[PDB]
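# Structural overview for review
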Amino acid sequence: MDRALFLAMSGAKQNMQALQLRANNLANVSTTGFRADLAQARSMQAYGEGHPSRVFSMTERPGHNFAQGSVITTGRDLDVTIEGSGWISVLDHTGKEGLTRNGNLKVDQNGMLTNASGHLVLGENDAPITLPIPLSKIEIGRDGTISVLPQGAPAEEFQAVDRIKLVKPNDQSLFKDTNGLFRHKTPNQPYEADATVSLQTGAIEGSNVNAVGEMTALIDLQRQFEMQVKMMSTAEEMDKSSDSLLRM
Amino acid sequence: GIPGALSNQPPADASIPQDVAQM
Amino acid sequence: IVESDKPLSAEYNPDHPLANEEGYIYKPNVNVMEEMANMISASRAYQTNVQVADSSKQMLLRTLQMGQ
Amino acid sequence: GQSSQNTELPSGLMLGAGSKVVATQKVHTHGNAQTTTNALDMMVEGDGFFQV
Amino acid sequence: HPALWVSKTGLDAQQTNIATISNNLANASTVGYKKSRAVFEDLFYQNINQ
Amino acid sequence: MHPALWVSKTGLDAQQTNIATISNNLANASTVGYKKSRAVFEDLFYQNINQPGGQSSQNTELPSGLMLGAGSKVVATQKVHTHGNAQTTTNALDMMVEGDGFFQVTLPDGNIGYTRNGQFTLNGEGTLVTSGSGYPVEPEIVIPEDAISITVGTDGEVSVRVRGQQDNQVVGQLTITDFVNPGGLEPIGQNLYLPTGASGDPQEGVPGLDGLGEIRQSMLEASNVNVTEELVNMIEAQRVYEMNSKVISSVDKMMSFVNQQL
Amino acid sequence: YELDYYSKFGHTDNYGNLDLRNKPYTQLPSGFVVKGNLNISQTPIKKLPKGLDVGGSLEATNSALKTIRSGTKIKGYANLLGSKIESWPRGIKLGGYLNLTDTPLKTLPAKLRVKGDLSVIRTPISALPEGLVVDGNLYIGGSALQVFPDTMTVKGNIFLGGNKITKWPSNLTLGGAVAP
């Protein structure tokens, strides 16, 4: 009726969306290699004839928290965590290359090296890494080199077979896709395998969700949500009062 | 008129020479 | 419409993409307490002007009925 | 699902559906040794399993 | 919480040290046994808000 | 947000960094040649609210000249490069530096990293390498197979004893590096430091001349962490952390009252 | 007074737009760099510091801006409607228009290039410099101009604004027309 009902409704609806965005981070505190999503609000003015008094606010995801996660020491050979900044190249079920930070690796019955989510890990050849089937000792190098020991072979047979593809692009050019894999915003952009990133083998990288940061965002989203609801109530209260004009 | 009053039109800006030049 | 001249509230969000050289981001200078007072004041001022117009509407009608 | 196209803007806002436990992974690290006097309890040093 | 797992590394690191100490004390009468020492080193240092 | 909420949050993040750097020190309480770190706090900038002109000396004692802070932050994790105590071991391949000086090892990428850790050993070829990842020590020191003992002098002069001939044959000489500002060195883990701009150029020289330290054989440098200092600072960090939580809830209750009463 | 490191921090938004509207500042730091738009309208600033680099637009309407030092770089436009400037320096990197309406401007540097419109409305300027090239419209209404330069390039329409033109350029490539 006054268009301030919808101006406040559109703000209250967006505050719920930001609340859900923060809720996903808290639901994913223990997730491995999880980058917390950032939430903010953007002011978009309604340009047109009349006084510039109506400005909408909509929530967006400007970026992600690319800080180093909490490293968990597991003493497992097939667990690796990226030191500092970096990524691991994996292809999902669609055969589409995407960057990940989950270094919880495993070997299937055929020998292909996958991660906890089943994404095949790429290597030097840019093809999924395949290991000889009857292994005896698998050690992951600090730079990503994979050295294996054939079954029954003596100690002095630690030959390298593959090198884990570690990619360190600009963090501002990466977006989180629909399946948690970060990809270039510009499509058809090759992932250059960096040789500077290092793996801290024997440990797993946790999530970087700042629990306090989400909680203080929640309490501010609640108060701003409630204040706009009062604006909706006072908008209809004014409308009801301004109805006796035609009540002759 | 009042000084410093906001305008109801997009704010001519920098990128896209189009605005930086046309008055 | 004239914007308030209060300084923007600077917040320390150094990891934010929009942070400046010192890690500060700036946010609107909207103060909750004064905006709530405007919500109360504008609504009560709006409703009392309807009362005057409604009362003034009656006075015109009684002038029409004057004399008969 | 319009590919890319202003992911940082309100049009490209993406909200996740939460989290789940995907697998209870078995960690087959070699344990310690228990030296007992029984003559029928036996241990495998390394990889290998008894078959029953 | 990062401090939870930084200390958890210290708990695990000291556990490895104690396991070697017990092994040295267990073989205090073994003929031709060489004692062993656990080497400690700190993990990577991460860069924070720049 | 209400500016009082984020002011208190910066105090919470400042203490979280303090807790992180204080748990790392206690984790490395037995690491050989480990230098403790302390979190250094400094207050954020003050902004003039009642006088946007930016003149903070006009009526500073008046409401017009009021200035409100933006919270606190951890400005640096300063390394305290004090000398540690001496551990006397039986191994002949571990060394120590008496006073100022840093050992030199060659990293896989080519550049050298400086360390206080003296836990060394030999590889299959016999070169002196680190006891951990195995990075060789600069300059290279190769021990002959016929050698029966290793003697490292106070000036790093490495000599071995070989039977069939008297006098020890010298097979190398250690050399240590000192820095003008060792606190500016970048820790990279694995008991290694990388030179930075704030540290200054490396100053290399024989271990025992020009103010450098002396190499001690069969001796190790203990970590300089003070476990009691960490526990005391841990106590303060918790209480300051709790206090900033109280005010955040206090602001939340006040704002909840506003939209519930009005 | 002057502008310090922290004085400017209170007048900057998330996109580096410096707003000094009616602020009692008299000068800016030497070698000043502003990421976004700069607004110094209605300010007592008499001279811009040398080496000023603006990533946006310049607005100094109704201000005391009188002197500009050479080498200044402006990505957007320079709006100086109603300032106190008397002479325009040579070598200014300007990517927009130069609005000098209601200014005491008298002289312009030779071979000046304006990438947009040029307004010298109500100015005591006596003669446009030879080699002046304008990629937009020309406004000379209410000015003291009565003689045009021999060669000038106005990509837009020249607006006379009332003053009588006694001499026309010999080499003039005009994309529009001439209006009184």
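As deposited, the entry is annotated with cryo-EM as its determination method and 3.04 Å as its resolution.

Here the entry title, as the record gives it, is "Cryo-EM structure of the rod-export apparatus with partial hook within the polar flagellar motor". In the Sequence similarities (unreviewed entry) part of its UniProt record, chain F is described as follows: "Belongs to the flagella basal body rod proteins family." A UniProt comment under Subunit (unreviewed entry) is attached to chain F, and it reads "The basal body constitutes a major portion of the flagellar organelle and consists of four rings (L,P,S, and M) mounted on a central rod. The rod consists of about 26 subunits of FlgG in the distal portion, and FlgB, FlgC and FlgF are thought to build up the proximal portion of the rod with about 6 subunits each."

Take the packing of aromatic side chains next. Enumeration over the complete set of coordinates arrives at 17 aromatic pairs over all chains. Centroid distance A:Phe66 to A:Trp87: 6.0 Å. Interplanar angle 80°. Geometry classified as edge-to-face. Of this pair, A:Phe66 sits in the loop between β2 (55-60) and β3 (71-73) while A:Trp87 sits in strand β5 (residues 87-91), and the two are 21 residues apart along the sequence. With a centroid separation of 5.6 Å and 70° between ring planes, the pair formed by C:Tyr12 and C:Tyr24 is classed as edge-to-face.

Turning to unusual backbone geometry, a few remarks are in order. At the junction of F:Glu138 and F:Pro139, the peptide bond is cis and its omega measures out at 0° in the coordinates. Tracing the sequence through the fold places F:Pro139 in the loop between β10 (128-130) and β11 (149-152). Although it is not a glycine, F:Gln190 sits at a positive phi angle of roughly 60°. Mapped onto the secondary structure, F:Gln190 falls in the loop between β15 (186-187) and β16 (193-194). The backbone phi angle of G:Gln42 is positive, close to 60°, even though this residue is not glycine. Along the chain, G:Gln42 falls in the loop between β3 (38-39) and β4 (53-54).

What follows is about the interface of chain E and chain A. Taken together, the contact pairs eight residues of chain E with nine residues of chain A. When chain E packs against chain A, close to 840 Å² is buried across both sides, 72% of that on carbon and sulfur atoms. The largest per-residue losses of area from chain E upon contact with chain A belong to E:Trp5, E:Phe44 and E:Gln46, which jointly make up 60% of the total buried on that side. On inspection of chain E and its partner chain A, the count reaches zero salt bridges. At the junction of chain E and chain A, the tally comes to zero residue pairs in polar contact. Of the residues in the side of chain E that touches chain A, the class split is four nonpolar, two polar and two charged.

So, how was this worked out
- Residues numbered from 1 in each chain as written, not as in the entry; some residues may be left out.
- Chains lettered and ligands numbered in written order.
- Part of a larger assembly, values for the part shown.
- Heavy atoms only, no water.
- UniProt positions renumbered as here; feature names shortened; annotations may be inferred.
- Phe/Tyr/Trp six-rings, centres within 6.5 Å; stacked < 30°, edge-to-face > 60°.
- Helix = DSSP H or I, 4+ residues; strand = E, 2+ residues; numbered from the N terminus.
- Contact = heavy atoms within 4.5 Å.
- Buried area = accessible area lost by both parts, 1.4 Å probe.
- Salt bridge = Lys/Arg side-chain N within 4 Å of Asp/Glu carboxyl O.
- Polar contact = N/O pair within 3.5 Å; in protein donor to acceptor, adjacent residues only side chain to side chain.
- Nonpolar A, V, L, I, M, F, W, Y, C, P; charged D, E, K, R; others polar.

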